[PDB]
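Position 1 is the first residue of the sequence; numbering continues from there.
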Amino acid sequence: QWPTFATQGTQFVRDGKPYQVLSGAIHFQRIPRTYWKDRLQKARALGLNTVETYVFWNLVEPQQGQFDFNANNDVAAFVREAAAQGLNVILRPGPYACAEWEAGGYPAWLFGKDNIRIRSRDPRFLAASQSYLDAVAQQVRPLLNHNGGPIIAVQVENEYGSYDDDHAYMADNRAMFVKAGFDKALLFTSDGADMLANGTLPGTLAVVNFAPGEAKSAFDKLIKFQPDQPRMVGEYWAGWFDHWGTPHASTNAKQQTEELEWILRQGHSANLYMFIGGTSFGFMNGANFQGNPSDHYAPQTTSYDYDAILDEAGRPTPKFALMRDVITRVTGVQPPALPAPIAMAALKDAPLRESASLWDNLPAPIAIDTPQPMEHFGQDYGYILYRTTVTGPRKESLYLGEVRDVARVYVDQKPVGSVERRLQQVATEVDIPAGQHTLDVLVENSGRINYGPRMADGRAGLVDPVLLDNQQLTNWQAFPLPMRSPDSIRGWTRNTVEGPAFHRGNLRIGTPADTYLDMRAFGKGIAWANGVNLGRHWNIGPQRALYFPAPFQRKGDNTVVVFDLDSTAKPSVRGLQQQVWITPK
């Protein structure tokens, strides 16, 4: 039996004794499962006594009614590994996680044709929430603290106060958590310090989330709001995340270390966000679109390095020893040793000598009168092509409206422009020769918005009327391109191909070892290595390589396939022992 965990006045208690929660965020779906134990042992080496993780709904119910808690989705196995390393667990199932993650964690299929309003009291959304909460609770039921397990606390929703203040909606969520059985652990909410009246529920513990430099101010607000309960920072943002096209974050370790010591010397509990951020593999990054008039769509990078205590690859940064020493001073307890370090390896340049045109890799066409977003065709992530026929000679403006999120436009497979809502673009000029010609509008889902008043419109692809000058274009074909396996690619040749195209070759590995796959030869797209979609690459930066951890590798030849929207002059890849950061173009 794990020790009991409760509150008693202004403190937490564990087996009835005063207890200060010392927690770090590790998202188990962002860390290779083989490496869960390593990251948990590093959390213990910092002096932490607790790990905290979200569950991402869109990974564990990828198709409605079809749950998956296998492999890297195995939340119960992650929790058991944490217990095995002597750590309490704080579980945050959402359903909304935020987390700089695709759609804040919401399944793509919620944005389909039924016109469900997410994060609201739409009965379809509430029923879908309950089904998901029941499923997660069944996975972890014996692990909940009142059943004798290590899960000491469970968060209800996430920062709802930054979204709205419908207290009935929050009460509905608490009641769903209770029906699922999560009341066998301490329930709580987290909010920004100015958002507590909006996001909380009387009778349920609140904790506060805040940035470096805000600790004194934010705790003053939490204590005023909730004077008779324990004090905890549910997320101390000890780092920050990146957007494509903006510099890699560099945050102030001295500030964070001194403020952490101040927090802990008050007796307050804390969760460091992130302890390690890891990677949003595949298409699973999020995006911002904030509320000010000068704010626009802003997609996040594949790496979730976060300038965290541990970097993306699990290596301690200088901030690790700084904060470890803080916790050692406060607790008076010498922490356990770090595990043996996990090595990085360099791999020689490997040409990718085969190419395959995207145009030779389309599915059967789907007939539509006007473009529709990808969820209309059952598609969650990746690309979608819209095709129609046009007649020239015309040099006119093609209006696409609010593209979600990047459109490449072609005429007879020759590029004639691009349109990104990131850049406030809604149209491109197109030159159409005399006669009939094929207009192709290829759209990338760059990641559904994960936060803010715009996140409920999670439709990806095209949604607006398409016009050429003042004439609406109708009668199209849609081609969903989720790119679920590279094994299906056809049209392979050793000739040069224009973008958009795939590129393939072997990367020989003697003994598997963590490496960064250098993407500097390429323009923009995604990459598979040994059959794993490692995520996105883009020459505008700041990230320019892709983490390829040892457990995704095999001994000997490893197939690499790289998708590039742009024509690639010299396609090849190499193994680096460090991330490549550049100043955005």
Side-chain angles (χ1 to χ4, degrees), residues 28-39 70-74 77 81 278-284 302-303 311-315 339-347 349-357 361 382 482-497 501-522 525-537 543-554 556-564 568-569 571-580:
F28 72 98
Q29 288 154 310
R30 277 189 159 128
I31 307 295
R33 174 167 171 159
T34 298
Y35 283 166
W36 290 344
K37 178 169 163 184
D38 183 75
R39 282 39 168 173
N70 302 302
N72 234 105
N73 284 336
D74 194 340
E81 190 68 65
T279 314
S280 304
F281 296 107
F283 294 109
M284 301 310 293
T302 295
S303 173
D311 70 17
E312 172 183 32
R315 300 171 287 196
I342 294 165
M344 305 285 317
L347 304 171
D349 184 72
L352 313 181
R353 302 198 177 281
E354 298 178 274
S355 300
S357 165
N361 284 281
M483 306 195 171
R484 297 192 201 290
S485 172
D487 304 339
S488 64
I489 296 162
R490 62 212 175 248
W492 286 114
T493 179
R494 306 192 168 259
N495 302 322
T496 57
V497 178
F502 306 93
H503 302 275
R504 186 177 59 194
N506 282 313
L507 182 58
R508 186 170 301 253
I509 297 180
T511 289
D514 286 9
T515 196
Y516 272 91
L517 206 68
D518 188 355
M519 308 296 303
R520 280 171 304 170
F522 303 97
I526 59 160
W528 290 270
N530 194 35
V532 182
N533 182 347
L534 298 179
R536 311 187 202 253
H537 57 93
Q543 174 177 0
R544 292 302 281 129
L546 284 165
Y547 183 43
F548 187 19
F552 295 176
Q553 309 168 8
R554 65 178 183 160
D557 286 335
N558 289 248
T559 301
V560 173
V561 179
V562 176
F563 174 65
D564 192 353
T568 316
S572 77
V573 296
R574 59 167 41 86
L576 296 167
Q577 291 161 295
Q578 54 281 323
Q579 176 66 270
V580 194

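- Counting only heavy atoms from C-beta outward, the side chains of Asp487 and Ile489 never approach each other to under 4.5 Å.
- Side-chain contact between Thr559 and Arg504 is present, with at least one heavy-atom pair separated by less than 4.5 Å.
- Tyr547 has its ring centre less than 6.0 Å from the ring centre of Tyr516.
- Checking side-chain atoms of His537 against main-chain N and O of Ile526 turns up a donor-acceptor pair under 3.5 Å.
- Considering every non-hydrogen atom in both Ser572 and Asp349, the closest pair reads OG-OD1, 2.8 Å.
- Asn533 places no side-chain N or O within 3.5 Å of a backbone atom of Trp528 that could act as its donor or acceptor partner.
- Between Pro551 and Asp514, the closest heavy-atom pair is CD-OD1, 4.4 Å.
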>> I'd like to know whether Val573 forms a side chain to side chain contact (heavy atoms under 4.5 Å, CB included) with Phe522, so could you lay out the CA-CA distance, the side-chain angles of the two residues, the decisive distance to 0.1 Å, and finally the verdict.
In response: CA-CA 9 Å; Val573 296; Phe522 303 97; 3.9 Å; yes
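- Put simply, CG on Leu517 and CE on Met519 are 6.0 Å apart, with the number rounded to the nearest 0.5 Å.
- Taking the charged nitrogens against the carboxylate oxygens, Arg544 and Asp518 have no contact shorter than 4.0 Å, which rules out a salt bridge.
- Counting only distance, with no hydrogens or angles, the side chain of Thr302 and the backbone of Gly535 share no donor-acceptor pair below 3.5 Å.
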>> Is there a side chain to side chain contact (heavy atoms under 4.5 Å, CB included) between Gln543 and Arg536? Walk through the geometry before answering.
In response: CA-CA 10 Å; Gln543 174 177 0; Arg536 311 187 202 253; over 6 Å; no
> Checking side chain to side chain contact (heavy atoms under 4.5 Å, CB included) for the pair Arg39/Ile31: CA distance, chi angles, key distance, verdict?
Replying inline: CA-CA 8 Å; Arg39 282 39 168 173; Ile31 307 295; 3.9 Å; yes
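- Summarising the geometry of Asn361 relative to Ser488, their closest heavy-atom pair is OD1-O, 4.2 Å, with the distance given to 0.1 Å.
- Using modelled atom types, one side-chain atom of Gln577 and one backbone atom of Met344 make a donor-acceptor pair closer than 3.5 Å.
- Expressed to the nearest 0.5 Å, how far CZ of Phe502 lies from CG of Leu352 amounts to 13.5 Å.
- Checking side-chain atoms of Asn506 against main-chain N and O of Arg508 turns up no donor-acceptor pair under 3.5 Å.
- The closest donor-acceptor contact from the side chain of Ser355 to the backbone of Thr496 lies at 3.5 Å or more, if one exists at all.
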>> Set out, in order, the CA-CA distance, both residues' side-chain angles and the distance that settles side chain to side chain contact (heavy atoms under 4.5 Å, CB included) for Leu507 and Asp557, then state yes or no.
In response: CA-CA 6 Å; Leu507 182 58; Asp557 286 335; over 6 Å; no
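- For the side-chain contact (heavy atoms from CB on, under 4.5 Å) with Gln553, the lone residue among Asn530, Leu347, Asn558 that qualifies is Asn558.
- When all heavy atoms are compared, the tightest approach of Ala545 to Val580 is CB-CG2, 4.0 Å.
- In this structure, the separation between CG on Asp38 and CD on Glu81 is 10.5 Å, given to the nearest 0.5 Å.
- Looking at residues two or more places apart in sequence or on another chain, you find a ring pair (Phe, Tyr, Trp, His ring centres under 6.0 Å) between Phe552 and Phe281.
- Residues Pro549 and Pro32 come closest through the heavy atom pair CG-CG, 3.6 Å.
- Closest approach of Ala345 and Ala513 over heavy atoms only: CB-CB, 3.7 Å.
- Taken to the nearest 0.5 Å, the CD atom of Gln29 stands 10.5 Å off from the CG atom of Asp74.
- Under the 4.5 Å side-chain criterion, counting only non-hydrogen atoms from C-beta, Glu354 is in contact with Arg494.
- Side chain of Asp564 to backbone of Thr568: no donor-acceptor contact under 3.5 angstrom is found.
- With no hydrogens or angles considered, a side-chain donor-acceptor pair links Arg30 and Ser280 at under 3.5 Å.
- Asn72 places a side-chain N or O within 3.5 Å of a backbone atom of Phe28 that can act as its donor or acceptor partner.
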